[PDB]
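Worksheet: one structure, shown below.
Values quoted throughout were computed directly from the atomic coordinates according to the rules given, and no laboratory measurement underlies them. Because the Cβ atoms are built from the backbone with ideal geometry, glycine has one as well, and the counts that use them run over all protein chains shown.
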Amino acid sequence: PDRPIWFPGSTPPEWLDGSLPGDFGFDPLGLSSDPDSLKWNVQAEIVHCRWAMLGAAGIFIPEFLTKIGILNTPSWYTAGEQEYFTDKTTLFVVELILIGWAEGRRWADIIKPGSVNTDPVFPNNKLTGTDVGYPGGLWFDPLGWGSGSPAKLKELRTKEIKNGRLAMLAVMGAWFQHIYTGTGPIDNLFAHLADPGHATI
Amino acid sequence: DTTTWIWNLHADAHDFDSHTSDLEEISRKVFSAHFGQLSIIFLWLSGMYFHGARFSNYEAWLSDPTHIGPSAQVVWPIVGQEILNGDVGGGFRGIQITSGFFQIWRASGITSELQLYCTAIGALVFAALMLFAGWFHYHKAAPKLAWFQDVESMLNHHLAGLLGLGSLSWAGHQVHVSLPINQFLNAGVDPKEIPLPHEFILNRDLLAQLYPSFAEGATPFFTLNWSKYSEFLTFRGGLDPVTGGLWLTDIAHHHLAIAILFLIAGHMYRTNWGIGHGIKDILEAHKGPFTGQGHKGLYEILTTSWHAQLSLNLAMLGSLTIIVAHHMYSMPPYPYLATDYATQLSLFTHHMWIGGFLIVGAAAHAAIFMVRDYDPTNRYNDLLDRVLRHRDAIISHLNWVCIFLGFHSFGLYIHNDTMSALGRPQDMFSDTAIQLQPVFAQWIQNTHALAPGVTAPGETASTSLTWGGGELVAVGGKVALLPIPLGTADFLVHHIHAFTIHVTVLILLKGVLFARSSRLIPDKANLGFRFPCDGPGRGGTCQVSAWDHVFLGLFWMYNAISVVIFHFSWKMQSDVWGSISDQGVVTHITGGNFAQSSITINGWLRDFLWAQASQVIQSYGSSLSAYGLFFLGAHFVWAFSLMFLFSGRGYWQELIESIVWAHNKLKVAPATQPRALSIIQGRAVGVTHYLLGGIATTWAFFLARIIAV
Amino acid sequence: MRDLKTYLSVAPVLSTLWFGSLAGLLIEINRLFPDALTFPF
Amino acid sequence: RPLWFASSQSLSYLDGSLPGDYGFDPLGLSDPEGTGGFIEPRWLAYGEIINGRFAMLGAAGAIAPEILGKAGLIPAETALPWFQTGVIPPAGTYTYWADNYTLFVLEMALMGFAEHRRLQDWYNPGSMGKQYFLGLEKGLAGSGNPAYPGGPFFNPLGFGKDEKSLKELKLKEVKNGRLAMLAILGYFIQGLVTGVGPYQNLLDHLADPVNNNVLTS
Amino acid sequence: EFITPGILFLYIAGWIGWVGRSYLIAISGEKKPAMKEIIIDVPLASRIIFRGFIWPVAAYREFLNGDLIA
Ligand code: CLA
Ligand code: CLA
Ligand code: CLA
Ligand code: CLA
Ligand SMILES: CC(/C=C/C=C(C)/C=C/[C@@]12O[C@]1(C)C[C@@H](O)CC2(C)C)=C\C=C\C=C(C)\C=C\C=C(C)\C=C\[C@@]12O[C@]1(C)C[C@@H](O)CC2(C)C
Ligand code: SF4
C-alpha cells in the first residue's frame, strides 16, 4: 500500500496490491484488469525478461572482446549471413522441434499446474517447484537458491525482473542504434564518450 | 428476440431528443457531433491535398494547362484492372479528375509539390486537434445551457470574426502571394524559375518592379490617398484574355470590401456593454401595417428548439448552394476553367443535387418541429396560428397553380409532337410558325449589356459575357464564353422548371401544414411524426404522416433537378462550347440543334438521349470502361428499388415463415426470429435505391460523354 | 480490458475482420496464379 | 483600497483576498459562474504569479548581456542581443560546447522533473514529502498554498515571519511581476519592429530624443 | 473444367454449413441463446472450426444414426 510508485502522488490501480514481485503500480491502459490476464501477462513478462538477459549478454560481450582485440567474430547484425555446415532452414526446423517440445511442456504447466512435474520415462525424477514460471528442481535450480524465506524470494524475483526490463530496453536500443548509425554498438559508445556534446543528433 | 431490433438500433442512433428530455444534454451532444464532423472534413481535405502531391501530374499540367488532362489517382495492376490507367499526357498514366483542384492550386500560387505535402500534414494535425477538442468538450468541460442561448454573442462573433476576418486574411494572402506568382506564370516564365513566395515579402524592390505602388509603403493607406493602390486593386470586369477567368485584382478588391462590410455588420447586437440592439426587442417592437400585433413570441420558439433552427438553416444553405452553382459557370473565377469542359459540367451538377437534398431536409425538420415542439399554451405565436387557421385556402390555391402550369407547359410539347407527326409543321410553337418569345429576359439581357458606360461609369466591361453585346473569348483554340441566345425553346423549359418546383413545394407545404391534424384524422398529432397508417378504415388511410409527405417529395425533387441539368448540358453543348479555327469560325459540339430539336419529346429522345449516349456504350476496352460498367450497374439498382416500392409486407412474412419451417427441419433455426421489414422501412429502402440508381446513371453518362468530346 | 474484448467480438467488427482477411487471401491467390480457367493438376 | 476601472459585476467576487487586487476585470474572465477547464480563479491567480516570476527573470536576463558588453566586462563575442543567442537559428547562432538540440533535451528533462513535481503538489497537497527522493523529501512538503510553498529549500533567509510583512512582500512581488510582463511584451514588439537590441533602442532614443521615436519608425 | 472445381466447392460449402450448424446447436441449451448470436463466443467458435475438416464423415455417420433431422 505504501510502496514506491512510478508516479509519486498518484493513485495506483486497484488490481495491483503490491503482492507480485517488481510491482510499481504502472498500468495506465488497464491491460490486466482480469485475473487471468494478469497471470498470462506476468508469465509473458518473465519469459521476455529471461530471453532478454540471454540475448543481451550475447550481443555486447562478443563485440567488446572483438573491439578490444581478443576475438574476430563478425557483427551481430550480419551473423545470419555467415557460412554453416547446413542450410539455415534445416537448423530452423530442428530448433522449432526442440523448442516446441519445451514450450509445449511449459504451456501445459500454465493451464493446469502440477500436471507435468514428473519425468515421463523415469518416474523417480521430479521437479520441486511450487509456483508457475519457477520450475525449480535439480535440472533448473542446482544450487538451492530458489527456496527460503518469502522475503528473500520476493527480493530475488524483484531484482531479476528489474534486470530483465533493463535488458529488454538495451536490446531494442542496440537494434535501433545499428539500424540508424550503421556501425557496431561499442563503436557508438566510444564515439559518444570521445565527444559527448557533439557526437549525437 | 427478433431481428427488428438490429434495424431499430441504427435508425435512432442520432435522435438525441428521444434519448433524453433535457435540453442541456442535447446541446452538449450536438456540439460534440459538430466537432466530429469537422474532424472528418479535415481528414478528407488532408487526403485530397496529399494525393495530388505524390500521385499526380500537377507540375506537367502547370507547364501546359491546355493540352494535358489533370490526374490524381493511380490503380494497382492486380486483376487486369490497370487498363484504367489511360494516357492523360505529361508522361503520366492514371484516372482523369474533374473536381477542379488543379485550378484552385494554380490560382493560389502553388508551383511545386513541397507545399502540398506541408498542407496535408497541417490538415492532419488539425483533424487530430478537432477530435481531441470534441472529446474534451464533452467529457471534461461541458458548457451550460445559458452559454448556448446567448445568441447575441454568437451572431457578433460569427459575423465579425469568422466571416469578417477570414475575408481580410484571404485578401492579404492574395495581395502578397497570388498576384505576383500568377503574373509571373501568365508572362510565360517557366514555373521552376519563379521566385519563392517569401522572396516577395523579404525583398521589396522585387514587388516594386511588378507594381510601383509597393514602393510607397503603407503611407497612402493612412493618408487616404487610396488612388495609389489602383495598380493591384482594380474595377475592370470581364474575363482575363490569357487564362479565361476573372482578374485576380478584382477578386482581391472584392474580398477587401466584403471583409470591411462584415466587420461593420458584426457590431449590431447588444452584449454586456449595453450598446446595440437586442433581437427580442427588434422582434417585439416591429408592428407594420398588416401584421398588427407583430412577431411577439418567436424568440422563445427559436431559442428553445433545435429543429426549427435546423430547418431554417437547411433552407438557407440549399438556396445558397443553388445560387453558387448558377454563379460559377457564367463568371469563371479560376484560370483555365472555362475552356476545360469536363470540370465545368461536373461542378454545376454536384451543387444542384446538394441544394435539393438540403431543401427537402428543411421541409422534413419543419414538419418534425410542428409535430413535437409545437405548444400553443406556453409558446403561443400569432402568425403561426393565423397560418394554421386558413390552411384550406393556401393548399387549394397552390393545387390549382400546379394544374394550370402543367397543362400550359406540357400540352404545348404534346401539341408540337402531334403536329409534327401529322405532317403539319406550320402549326407548332416554334421560331418559324408560332413564336412565344421570352421578351422580359431579352430586355434584361439588353439592359445588362448596356449598363457599363451609362449606369456603371467605373466599369470597363460587363459583369458576364452571357448578356448579348459582348465579344467572344478564346483560350487555346477553344471557346470560353459568348452571348447565349434566348428563343422559343427557352420559353417552354423555364415553365417546365416552374411547374416542377411548384409541385414539389405543394407536396412539402401540405405535409408541414397538415402534420398536426386534418379533417380525416383529428388526433394525428398523438400518432407521431413517423407512423405508417391508421388502418383500412374511412376507405384507407395509407401514408398520412409527414414522413410520407417527405418521402413523396423526394421523388419530385429528383424529377425537377434532372430536367435542369439536362437543359444546362444540351444548351451549353449546342450553343456555347466548341472550337475556333485560325480564321475565327466557331464550330459547336452539336452544331446548334437545340433551337429546333428541343421543342418536341421525340427530339429529346433521339437527339439528346440516343445521340449523346453512344460514347458511354462504346467505352469497353478503353480507359473509360469504368463508366461503361457503372452505366449498366446503376440500371440494376434502379430496377431493384421497384421490388420494395410496389409490394407489401404480408407476402414476405409468409414466405419467411415457410423458409423458417425448412430451417427448423434441420436444427439450424436461429434464436433471433427473422422478421420482414416494417412498413416504414420498406418505403425508405426503395427510395434510397431509386435515387442512387438514377443519379449514378446520369453521373456515368455525363462523365463518359464529356471527357471523350 | 474485458470491454475491449467484448466490443471486438460483436458481429460487425468480427465480420469485417473476417471479410478483410478473406479478400486479402483471395487477392493473394489471384496474384500467384493469374488468368486461370482450368485445373492443370 | 484603490479601484482601477472596477465594475459592479467584477466587484461582486473580487473581495480582496488575492494580493494586489484592484478590481480590474472588464471581460469578467474570473467570474465564479460557469467555471470549468482552465478558467478557474485559483488557477488563474496561480498562472499570473508564475508568469510574473518568469517574466521578472527574463526581463533582466535578456538585457544583462548587452549592459556589460558596452562597459567591457565581457568579451564582445558574447555581447549578443537577445534574439541572436541561438534561440532563433535564422537570426544567428553561437557555438557552445554542444549543439542546440542536446541542450534542448537536457533542459526538457530537468524542467520536466521540476514541473511534474510542482504539478503533482498542485493536484493533491503535501504528497511530495512522502515518497523517498534521495532524502530530499523532508523539505519539499509545501505549506498548503500552491503559489507559496515555503520551507527551507525555497525560503532560506526566513523572510516574512509576520503576516503583515508577508502581505506587503506579496503585493510588491505581484506589482513587479506585472511590470516585468509589460517589459517582456515591449521587448518582443521592439525586436520585431526596429530590428536591434532593446538597449540599443534606449541608447538611440537618448542620443536624439526628437528623432528616434515611434513616429519615424 | 467443371468436375474438379465442383468437388472443391462442395467440400468448402459443406465445411461452412457444418460449422454454422454446429455452433447453433451448442448454444441452444443456454438460458438466453439469443444473446450468443450477437456477441460471438470466440473461444467456443475456435474449437468448432477445426471440427469441420471431417464434415463428410460426420454427416454420413449422423444421417445413419438418425440425428440429422428433427
Ligand atoms: C539502455 C538504454 C540505452 C542506452 C544506454 C543508450 C545509449 C546510447 N544511445 Mg541509444 N537507444 C535506445 C536505448 C539506449 N541507448 C533505444 C531504446 C533506442 C530506440 C528508440 C535508441 C536509439 C538510438 C539512436 C537512434 C542513437 C542512439 C545513440 C546512443 C549513444 C549516444 C547517446 C544518444 O544520443 O542516445 C540518445 C538515446 C535516445 C534518444 C533513446 C532514449 C533513451 C532510452 C529510452 C533509455 C532511457 C534512459 C535510461 C533509462 C537511463 C538509465 C540507464 C543508464 C545506466 C544508461 C549512447 C551510447 C546514438 C549513437 O549511435 O551515438 C553516436 C544514436 O544515433 N540510440
Ligand atoms: C445538417 C444536416 C442534418 C442533420 C444534423 C440531421 C439530423 C437528423 N435527422 Mg435529418 N435530414 C437532412 C439533414 C440533416 N438531418 C436532410 C438534408 C434530409 C432530406 C433527405 C433529412 C431527412 C430526414 C428524415 C426523413 C428523418 C431525419 C431524421 C433526423 C434525426 C435522426 C437522424 C438519424 O437517426 O439518422 C440515422 C442515420 C442513418 C439512418 C444513416 C442513413 C444512411 C443513408 C441513408 C444511406 C447512404 C448510402 C451510402 C451512400 C452507401 C454506404 C454503403 C456502406 C453502408 C457499405 C436527426 C436529428 C429522422 C427524424 O428526426 O425522425 C424523428 C427522420 O425520420 N432526417
Ligand atoms: C450457417 C447457417 C445456415 C445454414 C446451414 C443454412 C442452410 C440452408 N438455407 Mg439458409 N440462410 C442463412 C444461413 C444458413 N442457411 C442466412 C444467414 C440467411 C439470410 C441471408 C439465409 C437465407 C436463406 C434463404 C432465403 C433460403 C435458405 C435456404 C436454405 C436451405 C437450402 C440450402 C442452402 O444453402 O440454401 C442457400 C442458402 C443461402 C443462399 C444463404 C446464404 C448463406 C449465408 C450467407 C451463410 C451465413 C453463415 C453464417 C455467417 C454462420 C456463421 C457461423 C459462425 C458463428 C461460426 C439450407 C437448409 C433455402 C431453403 O431451402 O428454404 C429455407 C432458401 O430459400 N436460406
Ligand atoms: C468552435 C470551436 C470552439 C468553441 C466555440 C470553443 C469554446 C470554448 N472553449 Mg474551446 N477549444 C477548441 C474549440 C472551441 N472552443 C479547440 C479546437 C481546442 C483545442 C483542443 C479548445 C481547447 C479549449 C481549452 C483547453 C479550454 C477551452 C475552453 C472553452 C470555453 C471558454 C473559452 C473562453 O472563455 O475563452 C478563452 C479564450 C482565451 C483564453 C484566448 C486564447 C486565444 C488562443 C490561444 C489563440 C488561438 C491562436 C490560433 C491557433 C491562431 C491560428 C493561426 C493560424 C496559423 C492557424 C468555451 C466554451 C475552456 C473551458 O473552460 O471550457 C469550458 C478551456 O479551458 N477550449
Ligand atoms: C518488450 C520490449 C519493449 C517493451 C515495451 C513496453 C515498455 C511497453 C509498456 C507498456 O505496456 C506497459 C508496461 C503498460 C501500458 O499501459 C503502456 C505501455 C507503454 C504499452 C523490448 C524487447 C523485447 C524482446 C527481446 C529482448 C528480444 C531478444 C532477442 C534476442 C534474444 C536475440 C538474439 C540474437 O542476438 C543474438 C544473441 C545473436 C545474434 O547473432 C542473433 C540474435 C537472434 C539476433
Ligand atoms: S396495412 Fe398497408 S395498405 Fe393497409 S392501411 Fe396499413 S399501410 Fe396501408
How much FRET efficiency would the formula 1/(1 + (r/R0)^6) give for B:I501 and B:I354, where r is the Cβ-Cβ distance and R0 is 25 Å, rounded to 0.05?
-> 0.90
Dipole moment magnitude, nearest 20 debye, the protein assembly as shown about Cα centre, only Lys, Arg, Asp, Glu C-beta charged | 2400
Which helices of chain E meet both criteria: a Cα extent of 20 Å or more along the helical axis and a mean Kyte-Doolittle score no lower than -1.0, with helices taken as whole DSSP H segments?
-> E:3-27
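Translational D (Stokes-Einstein, µm²/s) of the protein assembly as shown at 10 °C and 1.306 mPa s when Rh comes from the Kirkwood sum over C-alpha pairs? Before the final figure, lay out the partial values.
Values: Rh = 40.3 Å.
So the translational diffusion coefficient is about 39 µm²/s.
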Residue list for the range B:129-173, given a label point 7 angstrom along the Cα-to-Cβ vector of B:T271 and an amide N cut-off under 16 Å | B:147-166
Any chance you could check the Cα centroid distance between the range B:323-369 and the range B:389-456 for me, in angstrom?
-> 25
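Test of understanding: ordering A:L54, C:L37, B:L412, B:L155 by Cβ neighbours within 10 Å, fewest first, what list do you get? Mind dumping the intermediate values first?
Working: A:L54 10, C:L37 6, B:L412 20, B:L155 15.
In order of increasing Cβ crowding within 10 Å: C:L37, A:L54, B:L155, B:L412.
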Pulled fully out, how much extra length does the chain show between B:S63 and B:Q673, if you take 0.36 nm times their separation in residues and subtract their Cα-Cα distance?
-> 213.1 nm
Karplus 3J(HN,Hα) series, Hz, for the range B:257-272 with 6.51 cos²θ - 1.76 cosθ + 1.60 (x for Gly, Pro) | 4, 4, 4, 5, 4, 5, 4, 5, 5, x, 10, 9, 8, 6, 9, 4
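Give me B:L692, A:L127 ranked fewest to most by other Cβ atoms within 10 Å of their Cβ, as a rough exposure proxy.
Fewest to most other Cβ atoms nearby, the residues stand as B:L692, A:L127.
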With θ set to phi - 60° and the Karplus curve 6.51 cos²θ - 1.76 cosθ + 1.60, what are the ³J(HN,Hα) couplings of the range D:26-37 in order, to the nearest whole Hz, using x for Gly and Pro?
-> x, 7, x, 5, 7, 5, x, 8, x, 6, x, x
So B:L645 and B:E284, fully extended at 0.36 nm per residue minus their Cα-Cα distance, gain in nm 125.1 nm
Modelled FRET efficiency - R0 41 Å, B:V79 with B:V586, Cβ distances, 0.05 increments | 0.35
In debye, nearest 20: dipole of the range A:1-157 around its Cα centre with unit charges on the Cβ of K, R (+) and D, E (-)?
-> 380
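May I ask for the Rg/Rh ratio of chain D, computed from Cα atoms with Rh as the Kirkwood radius, given to two decimals? Don't skip to the end; give the middle numbers.
Numbers: Rg = 21.6 Å, Rh = 21.2 Å.
Over the Cα atoms of chain D, Rg/Rh equals 1.02.
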Long-range amide H partners of B:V475, meaning residues 5 or more apart or on another chain whose placed amide H is closer than 5 Å, are B:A480
Virtual spin-label span in nm between A:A191 and B:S230, 7 Å along Cα→Cβ | 6.6
Inter-site label distance for D:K175 and B:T20 at 7 Å from Cα along Cβ, in nm | 5.0
Along the charge dipole of the protein assembly as shown, which of D:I67, B:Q442, D:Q120 sits closest to the positive end, that is, farthest toward it, with unit charges on the beta carbon of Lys, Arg, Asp and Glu (+1, +1, -1, -1)?
-> D:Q120
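Across chain B, where is the longest run that never hits GluC sites (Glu not before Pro) in a DSSP loop with at most 16 other C-beta atoms within 10 Å?
Values: sites that count: B:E113, B:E459, B:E471.
Longest run free of exposed loop sites: B:114-458.
Listing D:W82, B:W7 from the residue with the fewest other Cβ atoms within 10 Å to the one with the most, what is the order?
On the way: D:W82 20, B:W7 13.
Neighbour counts put them in this order, fewest first: B:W7, D:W82.
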Along Cα→Cβ, 7 Å out, is where each label goes; now give me the distance between the ones at B:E657 and A:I70 in nm to one decimal.
-> 8.9
Please state the charge dipole magnitude for chain B, taken about the Cα centre, from unit charges on C-beta atoms (+1 on K and R, -1 on D and E), reported in debye and rounded to the nearest 20.
-> 1540
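Starting from the Cα-Cα distance between B:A13 and B:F136, subtract it from 0.36 nm times their residue separation and give me the gain in nm to one decimal. Don't jump to the answer; show the numbers that get you there.
Numbers: separation 123, 0.36 × 123 = 44.28 nm, distance 2.15 nm.
Answer, rounded to one decimal: 42.1 nm.
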Mind telling me which of D:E163, D:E173, D:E40 comes out most flexible in a GNM of chain D, alpha-carbon contacts under 10 Å?
-> D:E163
Find how many whole Å separate the alpha carbon centroid of the range B:8-58 from the alpha carbon centroid of the range B:257-288.
-> 32
Counting only pairs 8 or more places apart or on different chains, how many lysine pairs in chain B have C-alpha atoms closer than 14 Å?
-> 4
Tabulate in residue order the Karplus-calculated ³J(HN,Hα) for the range B:227-234, using 6.51 cos²θ - 1.76 cosθ + 1.60 with θ = phi - 60°, rounded to whole Hz; enter x for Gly and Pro.
-> 5, 6, 8, 6, 5, 10, 10, 10
Calculate for the protein assembly as shown the 222 nm mean residue ellipticity that helices alone would give, adding -39,500 (n - 2.57) per DSSP H run of length 4 or more and normalising by residue count, nearest 500 deg cm²/dmol.
-> -18000 deg cm²/dmol
For B:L246, the residues 5 or more places away or on another chain with a placed amide H closer than 5 Å to its own amide H are B:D240, B:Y334
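Using a Förster radius of 35 Å, what is the FRET efficiency between E:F2 and E:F53 based on their Cβ-Cβ separation? Nearest 0.05, please.
Numbers: r = 25 Å, r/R0 = 0.71.
The pair E:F2/E:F53 has a calculated efficiency of 0.90.
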Label-reachable residues, the range A:9-42, where backbone N falls under 14 Å from a point 7 Å from A:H48's Cα toward its Cβ = A:26-32, A:38-42
Projected area averaged over all directions for the convex hull of the alpha carbon atoms of the range E:1-52, nm², comes out at 4.2
